[PDB]
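As structure tokens, the structure follows; a few thoughts come after it.
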Number of protein chains: 12
Amino acid sequence: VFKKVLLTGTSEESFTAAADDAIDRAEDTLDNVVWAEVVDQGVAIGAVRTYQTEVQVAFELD
Amino acid sequence: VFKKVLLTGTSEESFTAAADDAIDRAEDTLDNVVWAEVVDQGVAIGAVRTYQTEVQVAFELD
Amino acid sequence: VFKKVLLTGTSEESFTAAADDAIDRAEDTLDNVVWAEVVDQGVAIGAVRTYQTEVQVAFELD
Amino acid sequence: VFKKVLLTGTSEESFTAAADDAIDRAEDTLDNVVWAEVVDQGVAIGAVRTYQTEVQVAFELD
Amino acid sequence: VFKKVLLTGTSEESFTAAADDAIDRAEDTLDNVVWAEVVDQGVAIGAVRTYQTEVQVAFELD
Amino acid sequence: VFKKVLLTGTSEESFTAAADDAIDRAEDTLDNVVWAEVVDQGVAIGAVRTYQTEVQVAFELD
Amino acid sequence: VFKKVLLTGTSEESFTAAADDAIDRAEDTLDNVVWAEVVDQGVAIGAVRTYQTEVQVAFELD
Amino acid sequence: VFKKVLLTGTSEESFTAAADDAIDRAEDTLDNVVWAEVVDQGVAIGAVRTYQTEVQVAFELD
Amino acid sequence: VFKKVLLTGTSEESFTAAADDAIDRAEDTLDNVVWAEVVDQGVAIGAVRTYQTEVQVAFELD
Amino acid sequence: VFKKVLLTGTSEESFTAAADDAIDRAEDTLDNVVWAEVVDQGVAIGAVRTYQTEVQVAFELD
Amino acid sequence: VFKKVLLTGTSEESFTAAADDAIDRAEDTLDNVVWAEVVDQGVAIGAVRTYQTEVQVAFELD
Amino acid sequence: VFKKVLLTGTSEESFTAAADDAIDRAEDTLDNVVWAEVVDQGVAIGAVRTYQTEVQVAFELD
Ligand SMILES: Cc1cc2nc3c(=O)[nH]c(=O)nc-3n(CCCCNC(=O)O)c2cc1C
Ligand SMILES: Cc1cc2nc3c(=O)[nH]c(=O)nc-3n(CCCCNC(=O)O)c2cc1C
Ligand SMILES: Cc1cc2nc3c(=O)[nH]c(=O)nc-3n(CCCCNC(=O)O)c2cc1C
Ligand SMILES: Cc1cc2nc3c(=O)[nH]c(=O)nc-3n(CCCCNC(=O)O)c2cc1C
Ligand SMILES: Cc1cc2nc3c(=O)[nH]c(=O)nc-3n(CCCCNC(=O)O)c2cc1C
Ligand SMILES: Cc1cc2nc3c(=O)[nH]c(=O)nc-3n(CCCCNC(=O)O)c2cc1C
Ligand SMILES: Cc1cc2nc3c(=O)[nH]c(=O)nc-3n(CCCCNC(=O)O)c2cc1C
Ligand SMILES: Cc1cc2nc3c(=O)[nH]c(=O)nc-3n(CCCCNC(=O)O)c2cc1C
Ligand SMILES: Cc1cc2nc3c(=O)[nH]c(=O)nc-3n(CCCCNC(=O)O)c2cc1C
Ligand SMILES: Cc1cc2nc3c(=O)[nH]c(=O)nc-3n(CCCCNC(=O)O)c2cc1C
Ligand SMILES: Cc1cc2nc3c(=O)[nH]c(=O)nc-3n(CCCCNC(=O)O)c2cc1C
Ligand SMILES: Cc1cc2nc3c(=O)[nH]c(=O)nc-3n(CCCCNC(=O)O)c2cc1C
Ligand SMILES: [Cl-]
Ligand SMILES: [Cl-]
Ligand SMILES: [Cl-]
Ligand SMILES: [Cl-]
Ligand SMILES: [Mg+2]
Ligand SMILES: [Mg+2]
Ligand SMILES: [Mg+2]
Ligand SMILES: [Mg+2]
Ligand SMILES: [Mg+2]
Ligand SMILES: [Mg+2]
Ligand SMILES: [Mg+2]
Ligand SMILES: [Mg+2]
Ligand SMILES: [Mg+2]
Ligand SMILES: [Mg+2]
Ligand SMILES: [Mg+2]
Ligand SMILES: [Mg+2]
Ligand SMILES: [Mg+2]
Ligand SMILES: [Mg+2]
Ligand SMILES: [Mg+2]
Ligand SMILES: [Mg+2]
Ligand SMILES: [Mg+2]
Ligand SMILES: [Mg+2]
Ligand SMILES: [Mg+2]
Ligand SMILES: [Mg+2]
Ligand SMILES: [Mg+2]
Ligand SMILES: [Mg+2]
Ligand SMILES: [Mg+2]
Ligand SMILES: [Mg+2]
Ligand code: NA
Ligand code: NA
Ligand code: NA
Ligand code: NA
């Protein structure tokens with residue numbers, strides 16, 4: 001059985017690096033992280049631009 | 001990093017109040033709740049009508 | 001077996017009350033109305049604003 | 001010919017009132033506003049909750 | 001309030017049995033599981049075929 | 001001209017058998033049923049699990 | 001209150017004429033037909049090509 | 001950079017001619033119109049039928 | 001077994017004629033072409049307007 | 001690099017068996033078939049019912 | 001009230017840089033640009049490849 | 001007439017570079033490749049992360 005958690009990663013560099021930020025967090029906390037699916041991307045536009053990539057991060061249960 | 005939980009709030013009054021019911025629960029349980037996105041709305045039709053609003057509730061991790 | 005009819009309710013007050021207007025009509029005409037799913041919302045903007053909520057209204061057959 | 005502008009209205013009260021806030025702004029600025037279609041709803045959760053309703057606001061050109 | 005978890009069940013037999021595998025896991029771990037909504041289906045094609053059914057599994061909170 | 005009715009069939013066995021339950025009902029009641037399109041699937045989880053398959057059932061008019 | 005019926009019109013000429021074929025049928029049978037929304041288009045390719053246009057046909061109830 | 005405006009053209013003849021009506025208006029008003037994407041089609045059913053085609057009309061900025 | 005190929009037909013006349021252009025090409029090249037499903041429509045706006053209709057063209061294998 | 005082909009399998013038994021029919025055909029013809037994603041399901045209703053499952057069948061190139 | 005404009009940015013380098021190109025243009029022309037949502041990405045393939053990222057760029061009105 | 005093939009490119013570097021990997025393969029094999037549309041993005045998470053970008057790659061026929 002796989003389970004997915006819905007995480008939004010952030011980066012001041014790129015959409016790829018924002019996906020990684022979410023995956024990094026998942027791997028800190030979860031065992032058996034196996035894949036991620038991009039579901040949305042955006043940019044917070046303030047003092048700097050922050051690229052955001054929202055991913056479903058799949059991990060194998062047990 | 002943001003995380004979202006997928007909650008369905010309920011109200012005998014309105015779709016807005018059903019969204020609030022979900023957010024109320026999130027805030028009871030989670031720190032740093034920052035936004036909600038409506039993903040569905042419905043009505044359970046029994047003795048009374050119960051309005052339901054399903055929301056992705058985003059919170060900041062750490 | 002459930003069947004759904006696709007109804008647009010209207011209200012000069014709110015989206016919730018427009019959903020109810022559709023459900024009211026369904027219940028006038030159909031037995032065993034059990035739930036409704038919101039599929040669209042809009043506003044007709046004339047002399048007054050009329051809120052519209054389109055719902056699939058599910059009823060149990062037999 | 002109709003044209004649509006993509007506006008997000010806000011309210012501390014309800015999704016219906018947030019739709020109205022967008023329509024109010026459209027009518028301040030545009031002639032012949034004829035309808036609105038809801039495309040998204042959300043809630044900004046800070047000191048207070050701010051309900052947001054995003055609408056395509058249609059107006060007749062000329 | 002209902003909450004949903006996003007689970008992918010697996011079976012070497014059928015899409016129905018893969019949905020059950022996810023629900024089985026939910027029920028092992030959660031109280032008050034009330035429904036599931038299919039969101040995706042697939043097949044891993046290796047030595048054998050493994051049918052997968054992804055479901056939002058809804059449970060009542062408290 | 002074809003017309004579609006939106007029916008949810010149920011089965012304690014499988015998604016295929018729930019689709020059939022809807023089609024069975026359509027054929028009881030309608031002439032010239034020609035096809036069905038699956039639009040949703042779910043499971044009601046109570047004492048037993050009830051698989052549901054929602055189909056648009058197309059029939060030829062006249 | 002508006003109600004919609006889901007009809008597929010056909011024509012050996014065009015997608016527009018297939019939409020009309022569905023609307024023609026609706027008007028034969030229903031009072032107060034007010035609008036149609038295209039939801040799908042296709043072509044049956046046999047001895048001849050038959051253009052099909054599927055429309056939600058809205059009519060005002062009462 | 002391209003920008004899109006969301007226009008609904010109308011015709012008493014066809015969906016193609018309603019798309020053209022929107023493009024005609026865009027070209028009256030905008031420089032460097034380069035393409036259009038159909039996003040919706042409908043029919044207003046009154047004294048006569050008016051075919052509507054909604055298009056995103058893309059133009060190159062500067 | 002059916003297979004679909006994803007083709008964009010073009011016409012200086014209409015969306016219907018652009019669908020035909022794709023089907024014409026399919027039939028030149030493939031045996032047992034049975035149906036087409038419209039998936040997109042657009043217009044290239046240059047010296048002349050070129051209507052485009054993108055279709056999944058289904059053919060029976062063997 | 002993966003490539004997908006869009007195939008509709010058929011079965012007089014089940015949606016699972018119709019998915020298999022498509023995969024069977026893919027494997028007859030293609031090397032390195034690795035997965036399938038369900039994209040649609042339907043039923044042809046004639047003398048008998050024929051369950052159809054449409055799948056994107058992914059294979060690794062080279 | 002927020003308003004969104006639908007812009008396609010371009011870059012010979014990356015999807016992130018194409019999003020920036022659109023945001024750059026928005027900021028040249030508009031006050032109070034606050035966020036962007038990616039809605040599409042593509043590549044024009046000619047002499048060189050040009051990455052395109054289409055964004056809804058949100059700005060606060062007044 | 002344009003035709004599209006559905007390819008998933010891969011890169012250990014970025015989503016942009018994974019799109020390129022798919023386009024590279026298309027150009028190896030096909031004449032008159034003209035554009036690509038991103039349809040999905042993901043990450044395979046193993047020993048290393050492999051970014052994947054799925055594109056419809058359009059080419060002109062003849
Ligand atoms: C993709 C996306 C979508 C967003 N949508 C909304 C929104 O819908 N309402 C709102 O008030 N704020 C935002 N916002 C938040 C705007 C904050 C940008 N400002 C600073 O970062 O300082 C938002 C942000 C992003 C990245
Ligand atoms: C939005 C939505 C969708 C629903 N869908 C289903 C459904 O698909 N199957 C089913 O058996 N029950 C329901 N139901 C549950 C019907 C219960 C209504 N009856 C009472 O509340 O007493 C359902 C409910 C709601 C609100
Ligand atoms: C959600 C929605 C969508 C609509 N779409 C269209 C439309 O697409 N074309 C059109 O001519 N009229 C309308 N209209 C109808 C415009 C009528 C508003 N005027 C008055 O109520 O007097 C429409 C209305 C609504 C509520
Ligand atoms: C619907 C929606 C969506 C949003 N999405 C994002 C987002 O995706 N990223 C982000 O940084 N901020 C937001 N935000 C902004 C969060 C700000 C909430 N805080 C305060 O209002 O003080 C956002 C807001 C809303 C309403
Ligand atoms: C629905 C679905 C989707 C998939 N998508 C991808 C994918 O997008 N990339 C990838 O590398 N692998 C897979 N895969 C994994 C391919 C593994 C199949 N091989 C074996 O089971 O041994 C995948 C699998 C399934 C079931
Ligand atoms: C697909 C689907 C979706 C559903 N959605 C809702 C829902 O959204 N609200 C709700 O109150 N009940 C349901 N329900 C109904 C829950 C009832 C399960 N319990 C028993 O069957 O005894 C529901 C059911 C199904 C099958
Ligand atoms: C849009 C659309 C979609 C279709 N889909 C299917 C399908 O999914 N399965 C199937 O067996 N037949 C069809 N078919 C039916 C194929 C019949 C074409 N042959 C003749 O008209 O003689 C179909 C038709 C159309 C118009
Ligand atoms: C595609 C589309 C959608 C529409 N939707 C709505 C609607 O949702 N509500 C409503 O009141 N009117 C309309 N209407 C407007 C109905 C007006 C038809 N009557 C006359 O043209 O005289 C509408 C129209 C069209 C073309
Ligand atoms: C539906 C659709 C979508 C399109 N999208 C893009 C696009 O996204 N980028 C781009 O550079 N060109 C185009 N283009 C191409 C613009 C070319 C129009 N000019 C001439 O035909 O001479 C495009 C075209 C069409 C028909
Ligand atoms: C999912 C799906 C969708 C379909 N859609 C259409 C359609 O849209 N038009 C049409 O003429 N025929 C069909 N058809 C074909 C109807 C043929 C059923 N009759 C027999 O099998 O003998 C169709 C079939 C299926 C399975
Ligand atoms: C995402 C996207 C989509 C596109 N769609 C179309 C299209 O649908 N029709 C068409 O004629 N041209 C294009 N085109 C335009 C093809 C032009 C590529 N050639 C050169 O850049 O020189 C197009 C382009 C892009 C980027
Ligand atoms: C986007 C996407 C989606 C995927 N979906 C599935 C899936 O649905 N089932 C499954 O078994 N495997 C996968 N997989 C495959 C998991 C393999 C990751 N492991 C290694 O790369 O070693 C998958 C992969 C990717 C990239
Ligand atoms: Cl828009
Ligand atoms: Cl989710
Ligand atoms: Cl419907
Ligand atoms: Cl495809
Ligand atoms: Mg930096
Ligand atoms: Mg988002
Ligand atoms: Mg009360
Ligand atoms: Mg729901
Ligand atoms: Mg009042
Ligand atoms: Mg509507
Ligand atoms: Mg207040
Ligand atoms: Mg939004
Ligand atoms: Mg076995
Ligand atoms: Mg999946
Ligand atoms: Mg049993
Ligand atoms: Mg459902
Ligand atoms: Mg003829
Ligand atoms: Mg169809
Ligand atoms: Mg005329
Ligand atoms: Mg519309
Ligand atoms: Mg000509
Ligand atoms: Mg297109
Ligand atoms: Mg049998
Ligand atoms: Mg289909
Ligand atoms: Mg360069
Ligand atoms: Mg695009
Ligand atoms: Mg590297
Ligand atoms: Mg994918
Ligand atoms: Na989730
Ligand atoms: Na219907
Ligand atoms: Na717009
Ligand atoms: Na394809």
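Residues are named by chain letter and number: chains run A, B, ... in the order of the structure tokens, numbers start at 1 in each chain, and ligands are numbered from 1 in the order shown.
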Exercise for the section: Could you give me the residues within 12 Å of ligand 26, counting only C-alpha atoms and all ligand atoms, as a PyMOL selection string? Expected result: (chain A and resi 2-4+35-39+56-58) or (chain E and resi 6-9+38-44+51-55) or (chain J and resi 35-39+56) or (chain L and resi 40-42)
Within 12 Å of ligand 19 (only C-alpha atoms and all ligand atoms), residues as a PDB file with N, CA and C atoms, in the first residue's frame:
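Contents of the output file pocket.pdb:
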```
ATOM      1  N   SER B  11     -22.134  21.960   8.329  1.00  0.00           N
ATOM      2  CA  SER B  11     -22.936  22.988   8.981  1.00  0.00           C
ATOM      3  C   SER B  11     -24.378  22.795   8.590  1.00  0.00           C
ATOM      4  N   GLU B  12     -25.287  23.062   9.529  1.00  0.00           N
ATOM      5  CA  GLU B  12     -26.704  23.120   9.185  1.00  0.00           C
ATOM      6  C   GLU B  12     -27.126  24.498   8.669  1.00  0.00           C
ATOM      7  N   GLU B  13     -26.156  25.399   8.500  1.00  0.00           N
ATOM      8  CA  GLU B  13     -26.440  26.780   8.097  1.00  0.00           C
ATOM      9  C   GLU B  13     -25.999  27.160   6.686  1.00  0.00           C
ATOM     10  N   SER B  14     -24.718  26.968   6.356  1.00  0.00           N
ATOM     11  CA  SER B  14     -24.225  27.474   5.068  1.00  0.00           C
ATOM     12  C   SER B  14     -22.951  26.772   4.638  1.00  0.00           C
ATOM     13  N   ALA B  17     -20.065  28.435   6.593  1.00  0.00           N
ATOM     14  CA  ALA B  17     -19.943  27.905   7.935  1.00  0.00           C
ATOM     15  C   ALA B  17     -19.422  26.481   7.839  1.00  0.00           C
ATOM     16  N   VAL B  48     -32.733  16.855   8.452  1.00  0.00           N
ATOM     17  CA  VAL B  48     -32.324  18.235   8.168  1.00  0.00           C
ATOM     18  C   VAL B  48     -31.322  18.218   7.014  1.00  0.00           C
ATOM     19  N   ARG B  49     -31.016  19.388   6.455  1.00  0.00           N
ATOM     20  CA  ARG B  49     -29.964  19.455   5.445  1.00  0.00           C
ATOM     21  C   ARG B  49     -28.678  19.846   6.138  1.00  0.00           C
ATOM     22  N   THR B  50     -27.614  19.129   5.810  1.00  0.00           N
ATOM     23  CA  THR B  50     -26.287  19.443   6.327  1.00  0.00           C
ATOM     24  C   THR B  50     -25.386  19.828   5.156  1.00  0.00           C
ATOM     25  N   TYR B  51     -24.991  21.100   5.125  1.00  0.00           N
ATOM     26  CA  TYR B  51     -24.099  21.648   4.102  1.00  0.00           C
ATOM     27  C   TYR B  51     -22.707  21.166   4.425  1.00  0.00           C
TER      28      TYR B  51
END
```
Least-squares superposed chain L, target chain K, every Cα, as a CSV table (one decimal) with C-alpha atoms, in the first residue's frame:
```csv
chain,number,residue,atom,x,y,z
L,1,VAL,CA,-9.8,42.8,-4.8
L,2,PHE,CA,-7.2,40.9,-6.9
L,3,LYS,CA,-7.1,40.8,-10.6
L,4,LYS,CA,-5.2,38.2,-12.8
L,5,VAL,CA,-3.8,38.7,-16.3
L,6,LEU,CA,-3.0,35.6,-18.4
L,7,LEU,CA,0.6,35.9,-19.7
L,8,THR,CA,3.0,33.5,-21.5
L,9,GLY,CA,6.6,34.2,-20.7
L,10,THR,CA,9.5,32.8,-22.8
L,11,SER,CA,13.1,31.8,-22.3
L,12,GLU,CA,15.8,29.9,-24.2
L,13,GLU,CA,16.9,28.5,-20.8
L,14,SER,CA,14.2,27.0,-18.6
L,15,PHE,CA,10.6,26.9,-17.6
L,16,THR,CA,11.5,28.9,-14.4
L,17,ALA,CA,13.1,31.6,-16.4
L,18,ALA,CA,10.0,31.7,-18.8
L,19,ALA,CA,7.8,32.2,-15.7
L,20,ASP,CA,10.1,35.1,-14.6
L,21,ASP,CA,9.8,36.7,-18.1
L,22,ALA,CA,6.0,36.9,-17.7
L,23,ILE,CA,6.3,38.3,-14.2
L,24,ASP,CA,9.0,40.8,-15.3
L,25,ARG,CA,6.5,42.2,-17.9
L,26,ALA,CA,3.7,42.3,-15.4
L,27,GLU,CA,5.9,44.3,-13.0
L,28,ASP,CA,6.9,46.7,-15.7
L,29,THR,CA,3.3,47.7,-16.3
L,30,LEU,CA,1.3,46.9,-13.1
L,31,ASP,CA,1.5,48.0,-9.5
L,32,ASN,CA,1.1,45.5,-6.5
L,33,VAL,CA,1.9,42.3,-8.3
L,34,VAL,CA,1.6,39.6,-5.6
L,35,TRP,CA,1.7,36.1,-7.0
L,36,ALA,CA,1.6,34.0,-10.1
L,37,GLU,CA,0.1,30.6,-10.8
L,38,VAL,CA,1.5,28.3,-13.5
L,39,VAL,CA,-1.3,27.1,-15.9
L,40,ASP,CA,0.7,25.7,-18.8
L,41,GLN,CA,4.1,25.0,-20.1
L,42,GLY,CA,5.4,24.3,-23.5
L,43,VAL,CA,8.4,24.5,-25.9
L,44,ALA,CA,8.5,26.1,-29.4
L,45,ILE,CA,11.0,24.0,-31.4
L,46,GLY,CA,12.7,25.9,-34.2
L,47,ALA,CA,16.3,27.0,-34.8
L,48,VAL,CA,16.5,27.0,-31.0
L,49,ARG,CA,14.1,25.7,-28.4
L,50,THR,CA,12.1,28.4,-26.6
L,51,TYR,CA,10.6,27.3,-23.2
L,52,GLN,CA,7.3,28.9,-22.5
L,53,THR,CA,5.5,29.1,-19.2
L,54,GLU,CA,2.0,30.5,-19.0
L,55,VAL,CA,1.0,32.1,-15.7
L,56,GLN,CA,-2.0,33.8,-14.1
L,57,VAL,CA,-0.3,36.9,-12.6
L,58,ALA,CA,-2.3,38.3,-9.6
L,59,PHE,CA,-2.1,41.9,-8.6
L,60,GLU,CA,-4.0,43.9,-5.9
L,61,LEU,CA,-6.4,46.6,-7.3
L,62,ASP,CA,-6.2,50.3,-6.3
```
Practice task
Within chain I, find each residue whose DSSP state, derived from the backbone, is strand (DSSP E), and express the selection as JSON, numbers by chain.
Solution key: {"I": [2, 3, 4, 5, 6, 7, 8, 9, 10, 11, 33, 34, 35, 36, 37, 38, 39, 40, 41, 42, 43, 44, 45, 49, 50, 51, 52, 53, 54, 55, 56, 57, 58, 59, 60]}
Please produce a file of the residues just selected, as a tab-separated table (two decimals), in the first residue's frame, where the atoms kept are N, CA, C and O atoms.
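selection.tsv written:
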```tsv
chain	number	residue	atom	x	y	z
I	2	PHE	N	-8.95	-1.28	-29.64
I	2	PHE	CA	-8.87	-0.03	-30.41
I	2	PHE	C	-7.61	0.72	-30.04
I	2	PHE	O	-7.13	0.62	-28.91
I	3	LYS	N	-7.09	1.48	-30.99
I	3	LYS	CA	-5.95	2.33	-30.72
I	3	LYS	C	-6.36	3.72	-31.19
I	3	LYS	O	-7.13	3.84	-32.15
I	4	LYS	N	-5.85	4.75	-30.52
I	4	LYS	CA	-6.12	6.13	-30.93
I	4	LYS	C	-4.83	6.83	-31.29
I	4	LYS	O	-3.81	6.63	-30.64
I	5	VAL	N	-4.88	7.64	-32.35
I	5	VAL	CA	-3.78	8.55	-32.69
I	5	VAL	C	-4.28	10.00	-32.57
I	5	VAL	O	-5.44	10.30	-32.90
I	6	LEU	N	-3.38	10.87	-32.10
I	6	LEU	CA	-3.75	12.22	-31.71
I	6	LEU	C	-3.35	13.18	-32.83
I	6	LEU	O	-2.17	13.52	-32.98
I	7	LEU	N	-4.33	13.58	-33.62
I	7	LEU	CA	-4.08	14.35	-34.84
I	7	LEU	C	-4.77	15.70	-34.81
I	7	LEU	O	-5.91	15.80	-34.37
I	8	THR	N	-4.10	16.71	-35.33
I	8	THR	CA	-4.66	18.06	-35.47
I	8	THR	C	-4.87	18.34	-36.96
I	8	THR	O	-3.91	18.40	-37.73
I	9	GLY	N	-6.14	18.43	-37.34
I	9	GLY	CA	-6.48	18.76	-38.73
I	9	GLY	C	-6.61	20.26	-38.88
I	9	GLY	O	-6.80	20.98	-37.90
I	10	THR	N	-6.50	20.74	-40.13
I	10	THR	CA	-6.57	22.18	-40.37
I	10	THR	C	-7.49	22.50	-41.54
I	10	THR	O	-7.61	21.70	-42.48
I	11	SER	N	-8.11	23.68	-41.50
I	11	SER	CA	-8.98	24.13	-42.57
I	11	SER	C	-9.03	25.64	-42.55
I	11	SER	O	-9.05	26.24	-41.49
I	33	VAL	N	-10.66	2.66	-39.42
I	33	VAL	CA	-10.94	3.88	-38.66
I	33	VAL	C	-12.43	3.90	-38.31
I	33	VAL	O	-13.28	3.79	-39.20
I	34	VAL	N	-12.75	4.04	-37.02
I	34	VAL	CA	-14.14	3.88	-36.59
I	34	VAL	C	-14.78	5.10	-35.95
I	34	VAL	O	-16.00	5.33	-36.12
I	35	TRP	N	-13.99	5.91	-35.26
I	35	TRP	CA	-14.53	7.14	-34.70
I	35	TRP	C	-13.45	8.15	-34.36
I	35	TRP	O	-12.24	7.83	-34.38
I	36	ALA	N	-13.89	9.38	-34.07
I	36	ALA	CA	-12.98	10.44	-33.65
I	36	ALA	C	-13.64	11.19	-32.48
I	36	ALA	O	-14.86	11.37	-32.46
I	37	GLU	N	-12.81	11.62	-31.54
I	37	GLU	CA	-13.28	12.44	-30.42
I	37	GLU	C	-12.54	13.77	-30.46
I	37	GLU	O	-11.31	13.79	-30.48
I	38	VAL	N	-13.29	14.88	-30.49
I	38	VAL	CA	-12.66	16.20	-30.45
I	38	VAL	C	-12.06	16.46	-29.06
I	38	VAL	O	-12.75	16.30	-28.05
I	39	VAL	N	-10.81	16.87	-29.02
I	39	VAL	CA	-10.15	17.19	-27.79
I	39	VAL	C	-9.71	18.65	-27.64
I	39	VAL	O	-9.46	19.10	-26.59
I	40	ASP	N	-9.65	19.37	-28.75
I	40	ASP	CA	-9.28	20.75	-28.73
I	40	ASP	C	-9.61	21.39	-30.08
I	40	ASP	O	-9.54	20.76	-31.09
I	41	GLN	N	-9.82	22.68	-30.02
I	41	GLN	CA	-9.98	23.49	-31.20
I	41	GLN	C	-9.27	24.83	-31.04
I	41	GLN	O	-9.25	25.39	-30.00
I	42	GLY	N	-8.75	25.33	-32.14
I	42	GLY	CA	-8.05	26.60	-32.13
I	42	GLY	C	-8.03	27.25	-33.50
I	42	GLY	O	-8.55	26.69	-34.48
I	43	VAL	N	-7.42	28.43	-33.56
I	43	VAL	CA	-7.30	29.18	-34.82
I	43	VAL	C	-5.90	29.80	-34.87
I	43	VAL	O	-5.50	30.48	-33.94
I	44	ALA	N	-5.16	29.50	-35.95
I	44	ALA	CA	-3.90	30.19	-36.23
I	44	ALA	C	-4.25	31.44	-37.01
I	44	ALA	O	-4.97	31.37	-38.01
I	45	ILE	N	-3.80	32.59	-36.53
I	45	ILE	CA	-4.22	33.87	-37.08
I	45	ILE	C	-2.99	34.52	-37.70
I	45	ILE	O	-2.12	35.05	-37.00
I	49	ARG	N	-6.92	33.04	-41.56
I	49	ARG	CA	-7.17	32.26	-40.34
I	49	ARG	C	-7.24	30.80	-40.73
I	49	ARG	O	-7.90	30.45	-41.71
I	50	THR	N	-6.55	29.97	-39.96
I	50	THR	CA	-6.60	28.53	-40.16
I	50	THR	C	-7.21	27.89	-38.92
I	50	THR	O	-6.62	27.93	-37.84
I	51	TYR	N	-8.40	27.32	-39.09
I	51	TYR	CA	-9.13	26.63	-38.02
I	51	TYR	C	-8.46	25.29	-37.83
I	51	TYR	O	-8.06	24.63	-38.79
I	52	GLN	N	-8.27	24.94	-36.57
I	52	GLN	CA	-7.68	23.67	-36.22
I	52	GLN	C	-8.60	22.92	-35.25
I	52	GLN	O	-9.19	23.49	-34.33
I	53	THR	N	-8.71	21.63	-35.50
I	53	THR	CA	-9.45	20.74	-34.65
I	53	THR	C	-8.60	19.53	-34.36
I	53	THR	O	-8.18	18.81	-35.29
I	54	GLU	N	-8.34	19.31	-33.08
I	54	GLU	CA	-7.53	18.19	-32.65
I	54	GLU	C	-8.49	17.07	-32.26
I	54	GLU	O	-9.43	17.27	-31.50
I	55	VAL	N	-8.23	15.88	-32.80
I	55	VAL	CA	-9.07	14.71	-32.56
I	55	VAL	C	-8.23	13.48	-32.18
I	55	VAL	O	-7.13	13.25	-32.73
I	56	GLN	N	-8.76	12.70	-31.22
I	56	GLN	CA	-8.31	11.32	-31.05
I	56	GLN	C	-9.06	10.49	-32.10
I	56	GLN	O	-10.28	10.40	-32.07
I	57	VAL	N	-8.31	9.89	-33.03
I	57	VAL	CA	-8.92	9.06	-34.08
I	57	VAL	C	-8.71	7.58	-33.70
I	57	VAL	O	-7.57	7.11	-33.58
I	58	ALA	N	-9.83	6.90	-33.45
I	58	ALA	CA	-9.83	5.50	-33.02
I	58	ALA	C	-9.93	4.55	-34.23
I	58	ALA	O	-10.73	4.76	-35.15
I	59	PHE	N	-9.09	3.53	-34.22
I	59	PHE	CA	-9.14	2.49	-35.24
I	59	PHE	C	-9.03	1.12	-34.58
I	59	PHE	O	-8.41	0.98	-33.52
I	60	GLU	N	-9.66	0.13	-35.20
I	60	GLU	CA	-9.63	-1.23	-34.67
I	60	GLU	C	-8.39	-1.98	-35.15
I	60	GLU	O	-8.08	-2.02	-36.34
```
Handout entry: Secondary structure check, helix (DSSP H, G or I) residues of chain F, as a ChimeraX atom specification
Key = /F:15-29
Could the residues in this selection be saved with C-alpha atoms as a PDB file, in the first residue's frame?
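Saved as out37.pdb:
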```pdb
ATOM      1  CA  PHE F  15     -17.055  -2.192  -9.639  1.00  0.00           C
ATOM      2  CA  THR F  16     -18.010  -4.119 -12.849  1.00  0.00           C
ATOM      3  CA  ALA F  17     -21.064  -5.613 -11.158  1.00  0.00           C
ATOM      4  CA  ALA F  18     -22.052  -2.129  -9.825  1.00  0.00           C
ATOM      5  CA  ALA F  19     -21.933  -0.765 -13.414  1.00  0.00           C
ATOM      6  CA  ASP F  20     -24.144  -3.672 -14.503  1.00  0.00           C
ATOM      7  CA  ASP F  21     -26.709  -2.824 -11.679  1.00  0.00           C
ATOM      8  CA  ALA F  22     -27.135   0.639 -13.135  1.00  0.00           C
ATOM      9  CA  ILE F  23     -27.418  -0.701 -16.695  1.00  0.00           C
ATOM     10  CA  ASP F  24     -29.948  -3.348 -15.510  1.00  0.00           C
ATOM     11  CA  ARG F  25     -32.146  -0.578 -14.091  1.00  0.00           C
ATOM     12  CA  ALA F  26     -31.838   1.519 -17.273  1.00  0.00           C
ATOM     13  CA  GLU F  27     -32.901  -1.482 -19.397  1.00  0.00           C
ATOM     14  CA  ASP F  28     -35.870  -2.154 -17.137  1.00  0.00           C
ATOM     15  CA  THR F  29     -37.245   1.262 -17.828  1.00  0.00           C
TER      16      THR F  29
END
```
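Atom 1 (Na, counted along the ligand's line) of ligand 43 is found 16.4 Å from atom 2 (C, counted along the ligand's line) of ligand 1.
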Practice task
Rounded to one decimal place, report the atom 25 (C, counted along the ligand's line) of ligand 5-atom 1 (Mg, counted along the ligand's line) of ligand 40 distance in Å.
Solution key: 8.7 Å
